[PDB]
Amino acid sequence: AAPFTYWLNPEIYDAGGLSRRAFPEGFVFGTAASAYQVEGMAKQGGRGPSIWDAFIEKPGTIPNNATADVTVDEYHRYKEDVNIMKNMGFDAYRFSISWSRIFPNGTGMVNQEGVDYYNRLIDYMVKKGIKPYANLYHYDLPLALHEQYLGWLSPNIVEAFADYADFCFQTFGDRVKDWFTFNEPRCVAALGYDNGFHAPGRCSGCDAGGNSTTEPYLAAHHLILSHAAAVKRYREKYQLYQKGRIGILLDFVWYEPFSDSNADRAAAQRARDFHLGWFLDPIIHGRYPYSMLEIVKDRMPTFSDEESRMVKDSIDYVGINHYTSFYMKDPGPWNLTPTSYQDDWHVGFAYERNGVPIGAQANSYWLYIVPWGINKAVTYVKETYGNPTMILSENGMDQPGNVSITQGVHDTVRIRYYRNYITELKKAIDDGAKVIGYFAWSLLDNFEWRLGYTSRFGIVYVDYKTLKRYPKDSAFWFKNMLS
């Protein structure tokens, strides 16, 4: 590469006073990824198609009709990837297992070739001293199940998921001691079924059809039951023998009141309710948020008594995926007519106060750089939910995809991002938050869902022509801070 690639960035060596000794004994630092975003071999090695394979087929879905058939090809270059992880000082890797790579049809026939891949992967991490954190679901429902009964929209999914979970616990649990059932069921439900932005692209006006007033609530409900059903398998059959732990990964945008009024304060709490409460209130309290029940009414399913008991306390810890924050305003008087889950929040978003933007915007349209947001979010979870064990399970930011190696590696904006967010995380911990780990999204630039390869989130740059890896300055910033 060009000489400027090798300029030594002084920011690499400013850890902002952070080290392992600024965190609890045993605190875990890792990176996070997902099966579809990094594996490749989408249509090979036995893997049956998922909803994203079909979704991607519609022209104009991914920019430049790009695909994840290869992406960064972690399927073949996992040893290199794990080696970078170890060399940069990380303790852990949160990956996901692909459901349809294990069960090409979602239920029934096991794909032994898929099982073999995950065994290779996990065994290699253990060999190198990287702790495996396995996530069971990251947007990749087997297409068959969507075809049979529309996947998350059917109560049939619950036992289908629990069986897949069961198999994974049986198969991988001798060395995986850290499980998550779902990555961000709120996005699975909202992007899948409210605005159709993600697979299977259902919504009120969408080509695929759908109903934004009802389907996201149906989906969310079945995701919760599926989580609880899977955890029940874990607890009853595996937990006391494998001695591991199981949680869920929940996204949480911080919602800050725009002003001190009762109205704006209530708006911010209302947003938290619909964004996080939706899943965390059932799991901690066995019930939905009050605001949701009153606003959404008949459109929300209800839990039976049995269901409520299965759902309550169905985690050993909660993963919080946190990136960004917004101001929240009371939007005036509310219609009235059901329109969508997002509309049901009855809030106004604001991105600046007194001419000052809440923060700089990263590449992604939704990502505003607001480090103090991570402190408020974690503290809120501490105060609202009885100080549960937490993992800060995703955090990072993106550069535009169209940049050269030479430019891509000097990501001092990302160094600032981490220094500042990790610093604000430390404060919330120092103040009592029971956070036991932190994971950066992501090790490698990868397939960014609807943004394709126009968004680079990695701390390692990937040349998509050659699949060669180039650690960015931020990787070295971690390496330095972690020793």
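One rule holds for the numbers: they count along the sequence shown, beginning at 1. Take the two forms, superpose them, and find the largest set of C-alpha atoms that agree within 1.5 Å; that set is the rigid core.
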- Hey, after superposing on the core, which one moves around more in 4 other deposited structures of this protein, 202 to 210 or 368 to 376, CA-wise? 202 to 210
- Using the B-factors recorded in the PDB entry, average over the C-alpha atoms of 100 to 108 and of 389 to 397, then report which stretch comes out higher. 100 to 108
- Could you settle it for me: does 357 to 365 or 132 to 140 have the higher average Cα B factor in the PDB entry? 357 to 365
- Among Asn183, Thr339, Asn195, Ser226, where is the Cα temperature factor highest, going by the PDB entry? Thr339
- Note on the structure: Per the deposited B-factor column, the C-alpha that peaks among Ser314, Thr324, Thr412, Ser259 belongs to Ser259
- Message: When the deposited Cα B-factors of this chain's modelled residues are ordered and cut into thirds, is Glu424 in the lowest, the middle or the highest one?
- Response: middle
- Taking the chain's C-alpha temperature factors as the reference, tell me which third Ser34 falls into: lowest, middle or highest. lowest
- Classify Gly277 as lowest, middle or highest third according to the C-alpha B-factor given in the PDB entry, relative to its own chain. lowest
- Would you mind ranking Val70 by its C-alpha B-factor against the rest of the chain and naming the third, lowest, middle or highest? middle
- Query: What third of its chain, lowest, middle or highest, does the C-alpha temperature factor of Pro63 fall into?
  - Reply: highest
